[PDB]
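Throughout, read-outs are computed from the coordinates displayed, never taken from laboratory work. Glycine also receives a Cβ, built like all others from the backbone with ideal geometry; neighbour counts cover every protein chain displayed.
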Protein chains: 4
Amino acid sequence: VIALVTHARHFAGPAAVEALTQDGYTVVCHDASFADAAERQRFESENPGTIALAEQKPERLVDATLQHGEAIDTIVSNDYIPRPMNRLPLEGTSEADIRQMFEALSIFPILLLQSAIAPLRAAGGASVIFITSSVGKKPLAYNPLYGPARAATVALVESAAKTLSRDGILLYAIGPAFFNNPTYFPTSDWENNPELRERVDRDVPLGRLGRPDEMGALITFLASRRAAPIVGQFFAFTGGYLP
Amino acid sequence: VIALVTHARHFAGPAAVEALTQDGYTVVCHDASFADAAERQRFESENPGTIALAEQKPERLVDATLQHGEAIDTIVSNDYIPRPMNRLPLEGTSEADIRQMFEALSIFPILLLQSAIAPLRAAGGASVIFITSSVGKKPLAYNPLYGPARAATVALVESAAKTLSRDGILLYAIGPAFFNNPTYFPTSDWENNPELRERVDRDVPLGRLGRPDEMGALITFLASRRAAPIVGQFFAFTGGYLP
Amino acid sequence: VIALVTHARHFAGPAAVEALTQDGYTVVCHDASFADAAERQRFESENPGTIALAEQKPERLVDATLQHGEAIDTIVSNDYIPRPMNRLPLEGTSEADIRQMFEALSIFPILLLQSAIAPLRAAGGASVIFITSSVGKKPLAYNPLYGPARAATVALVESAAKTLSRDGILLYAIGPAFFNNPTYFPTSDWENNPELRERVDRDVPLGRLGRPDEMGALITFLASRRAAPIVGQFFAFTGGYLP
Amino acid sequence: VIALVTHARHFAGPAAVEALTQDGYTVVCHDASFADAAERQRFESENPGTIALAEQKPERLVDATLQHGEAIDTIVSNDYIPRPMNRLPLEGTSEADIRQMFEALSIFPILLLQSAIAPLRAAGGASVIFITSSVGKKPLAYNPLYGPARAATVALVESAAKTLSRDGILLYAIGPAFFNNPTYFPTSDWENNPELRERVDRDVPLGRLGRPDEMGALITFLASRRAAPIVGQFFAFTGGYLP
Ligand SMILES: [Cl-]
Ligand SMILES: [Cl-]
Ligand SMILES: [Cl-]
Ligand SMILES: [Cl-]
């Protein structure tokens, strides 16, 4: 049973590869770094049971994954943009940066999803889990460009699900905040940053960052299809920070 | 492991009981019919692993449950109003029916919750899962009193989670629609009533009622605490009808 | 052209009376203090163009108002609870206080609305404007009972609008926060409470409390029926604190 | 006293021009046809008190508008995509069409808003009114691309308002559905399409198309800034179809 995970070295990627591999999936992985054959080999060495794709185009990931299996059971569309770009303000930000924000967080997942429909429908269904952000639903003053691009992909999930769910193709969005992960909250900064630790005590009812295995537990539960009627919505992964 | 499930014979009750007992729980059950001791003996014999309480007051259920075990791991607050009161209109409805709507759907879960905080905190945490309705978030023309009462309890979950999550007491709301259950979508309606399958085809992207085991899968997933960061929010169980 | 404002002395009452009287309305006012006849004549003397009702039951205010005119053009359902109670916690709170929360903020507005439909329909339509709270839509840690009660009435507006709009009976909910009013944010508090000014600088994009005349401007605009297609929704009145 | 209205000949453009001019504004108008000198002269002569711009690039509209007055009081960002591109499906749709959807509905408004910030702040504030769509908040099965692009601009309003409000720059999003307008619901469609009249009867509580003067009343009310604390939110203009 195979899963496709995008941007595997970033954001919720490590968590998704870990939990899905432990669940018995063969995890086929995309990452910008995988254009390099050497980085492909190191990744597979460091992550038993994975396959690293060379393909970089969003519309070609599905065809490239289908080289290593009969069908795709789960796609984790783990879209991200490197820090500090997520905090780019409205004023003075270049048009290139504006377009890149939508390219990485809205156009890339659309082109992926579009390419996926036909093969996934032929296999009788699958799950597509988009990793977005809390600002997909709740706005933040310092994310005035990141927020809009994330909200587009949340709306993509809720609208596209109205039609794809009848094909057995189940779409979901996760909107993390205060989630322990290499892109926005690496374990290295927690101990050194007492403003963060005070921010979490103030704003996160759970009182801690969410753990990689808890993100992994949500992903594997969704991939199992055992609760299919919750298809088509946004799940906050924020320790109670949202709503 | 102890679970308390309220109104066990109705709504989400049977689904919860089947799945929690299958996951190794001892399920302590409340139900109006359990005033009669013979009902209590029959329910227990038909459902291995369950203990039927005689207690009927919402604020005494926790104490009565703690007569059978050291701590409660999960409370399923499975509140409901007999069909067809869920469709009571605004005009011509008695003040007494209006108050009963809030009593069963809004006051009762609050008195339950308030009684549970001290013992659940002292035990190190628990999960408290409120079964509400889709109209807890999205209004429907025929539910102008049922909706308000359900929305209150969804707001209870979202607000009370801000303080209780720090005690390890994890609250959630499930808002079902088109969920195959004896109160609102019994199998008999699916078989007998031509209009229901027509409605589901038009309005439910999944194209079917939600199964009891699928509701059960969600309840036992939440009760495990493996994805604790999703605390404090509303989950649609509608097959894509919401949002 | 007559308007009915409830709890005229508190919350959004003074703003409503002032703006509506300025817009040419004869403002019939309900208030608990009006059970004392001296207070009725003091109120009418201090507020030219008002009528202070003796009536206190919600379901009788409409008939009491039609003693002074042939139709009600606008109802401002200005429900409130005396200040400290909006912060009532779950733990240790008496059943009586819980029930009074719902009585003032959820049952009283329903019983008023129920009583108004037939005369309002007979008169070709009207506007009913419910003054609720920001916590009707966005939860807050310190409002776990006030929140539920307010959310019930916002959902009442959203549900009841689905039928009553066809009668020309236009329902709206306004949800204030940081609104300069005698109940929650008197001008006294702004000068006396440096914490309030810091909190407003931090959390309110507008940077200031909303003015009574701005709340009046919202009310009179809704009462005009000039933008009727926005019927049946919740308007944040928070200086950008919501969403 | 000047306003800028974009795509003046489409969507909410005619409503905004007529109402703003009736209200005493000099309305500077952008439109794709205004590249034709003869179309500019004809529009100006058919619409007394307007000024037609030749400029077509979003980030130059403001400076071109400022050629005619010292300050802009209101900007109506009236963004649209020609029918029936709003119904573009996921499958088979070209990459260029996906990109054009975001260009017209998401990137164009962002580049306009960015260019406006500095001169609007120097004038001590202004109103910026984005005309989006009901699908910016509520998904629809047949708008899986139009929805995401609209949702991004709604999220832009909600996020950008967190900072721009302190400058007196007040942002709002209006989300029409069943709004009588030349692009999506011209009067002739109401006459030629009994399916449309039945859909409105079934789904729109108000029971009719929203009128252009009602959209103009909402725009003109927002432009007055008289109820500034409602800044930074989405207004349904749907006749109760939403929420
Ligand atoms: Cl995160
Ligand atoms: Cl159901
Ligand atoms: Cl207030
Ligand atoms: Cl429209």
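Checking each residue in the range D:161-179 for being in contact (Cβ under 8 Å) with a residue 12 or more places away in the chain, over 27 Å from D:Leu209 (Cα atoms) and in contact with a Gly (Cβ under 8 Å, 6 or more places away or on another chain) picks out D:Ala161, D:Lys162, D:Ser165, D:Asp167, D:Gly168, D:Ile169, D:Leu170.
Taken over the range A:73-114, the criterion of being assigned to a helix (DSSP H, G or I) and over 16 Å from the mean Cα position of the chain (by Cα) is satisfied by A:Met85, A:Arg87, A:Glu95, A:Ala96, A:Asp97, A:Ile98, A:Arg99, A:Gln100, A:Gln114. Going through (1) touching a residue at least 12 places away in the same chain (Cβ under 8 Å); (2) crowded, with 23+ Cβ neighbours inside 10 Å; (3) among the polar types (S, T, N, Q) one by one, C:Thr183 falls short only on (2). Which of the residues that make up the range B:30-56 are under 19 Å from B:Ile81 (Cβ atoms) and either without any contact (Cβ under 8 Å) to a residue 12 or more places away in the chain or in contact with a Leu (Cβ under 7 Å, 6 or more places away or on another chain) (or both)? B:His30, B:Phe34, listed by residue number. Residues of the range C:152-183 being part of a strand (DSSP E or B) and away from ligand 3 (no atom under 16 Å from the Cβ), which ones? Hits for the range C:152-183 are C:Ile169, C:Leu170, C:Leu171, C:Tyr172.
For C:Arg208, are the conditions met, namely being free of Cβ contacts under 8 Å to residues at least 24 places away in the same chain and not in a helix (DSSP H, G or I)? Considered against the rule, which asks whether it is free of Cβ contacts under 8 Å to residues at least 24 places away in the same chain and not in a helix (DSSP H, G or I), C:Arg208 comes out as no. When the residues of the range A:140-182 are narrowed to those that are away from ligand 1 (no atom under 16 Å from the Cβ) and of a type in the set (D, E, K, R), which ends up nearest to the chain's Cα centre (by Cα)? Here the residue is A:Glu158. When the criteria are applied in full, A:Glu70 fails the requirement of being within 8 Å of another protein chain (Cβ to nearest Cβ), part of a loop (DSSP other than H, G, I, E, B) and surrounded by fewer than 16 Cβ atoms within 10 Å (Cβ to Cβ). Of all the numbered requirements in (1) buried (at least 20 other Cβ atoms within 10 Å of the Cβ); (2) within 16 Å of ligand 4 (Cβ to nearest atom); (3) more than 11 Å from chain A (Cβ to nearest Cβ); (4) small (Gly, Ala, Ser), D:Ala126 misses one, and that requirement is (2). The number of residues in the range A:45-59 being exposed (fewer than 15 other Cβ atoms within 10 Å of the Cβ) and among the charged types (D, E, K, R) comes to 2.
Checking A:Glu198, A:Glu191, A:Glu214 one by one, the residue that is more than 16 Å from ligand 3 (Cβ to nearest atom) and within 20 Å of the chain's Cα centre (by Cα) is A:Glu214 and no other. Within the range B:115-144, the set of residues being closer than 24 Å to B:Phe221 by Cβ and assigned to a loop (DSSP other than H, G, I, E, B) comprises B:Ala123, B:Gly124, B:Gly125, B:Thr132, B:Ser133, B:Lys137, B:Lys138. Of all the criteria given as (1) within 10 Å of chain C (Cβ to nearest Cβ); (2) assigned to a helix (DSSP H, G or I); (3) surrounded by fewer than 22 Cβ atoms within 10 Å (Cβ to Cβ), the one not satisfied by B:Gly147 is (3). The one condition from (1) under 30 Å from D:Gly136 (Cβ atoms); (2) part of a loop (DSSP other than H, G, I, E, B) that B:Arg226 does not meet is (1). Only a single item in (1) more than 12 Å from ligand 2 (Cβ to nearest atom); (2) of a type in the set (D, E, K, R); (3) closer than 26 Å to B:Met101 by Cβ is not met by B:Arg150, and it is number (1). One residue stands out among those in the range D:150-164 that are facing another protein chain (nearest Cβ under 7 Å) and of a type in the set (D, E, K, R): the one that is farthest from D:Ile174 (Cα to Cα), which is D:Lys162.
Looking at the range A:73-98 only, could you name the residues that are loosely packed, with under 15 Cβ neighbours inside 10 Å and either within 17 Å of A:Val28 (Cβ to Cβ) or hydroxyl-bearing (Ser, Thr, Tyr) (or both)? Matches in the range A:73-98: A:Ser94 only. Restricting attention to the range D:224-243, the residues that are more than 7 Å from chain C (Cβ to nearest Cβ), more than 19 Å from the chain's Cα centre (by Cα) and away from ligand 4 (no atom under 14 Å from the Cβ) total 0. Just so you know, in the range C:1-13 the residues that are over 12 Å from the mean Cα position of the chain (by Cα) and surrounded by 18 or more Cβ atoms within 10 Å (Cβ to Cβ) include one that is nearest to C:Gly216 (Cα to Cα), and it is C:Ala3.
Checked against (1) surrounded by fewer than 23 Cβ atoms within 10 Å (Cβ to Cβ); (2) farther than 17 Å from B:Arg9 by Cβ; (3) within 12 Å of another protein chain (Cβ to nearest Cβ), B:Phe108 meets all criteria but (2).
Do the conditions hold for D:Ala16, that is, is it closer than 23 Å to D:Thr220 by Cβ and part of a helix (DSSP H, G or I)?
Yes, satisfied.
With respect to the conditions (1) within 16 Å of ligand 1 (Cβ to nearest atom); (2) surrounded by fewer than 19 Cβ atoms within 10 Å (Cβ to Cβ), A:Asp201 lacks only one, and its number is (1).
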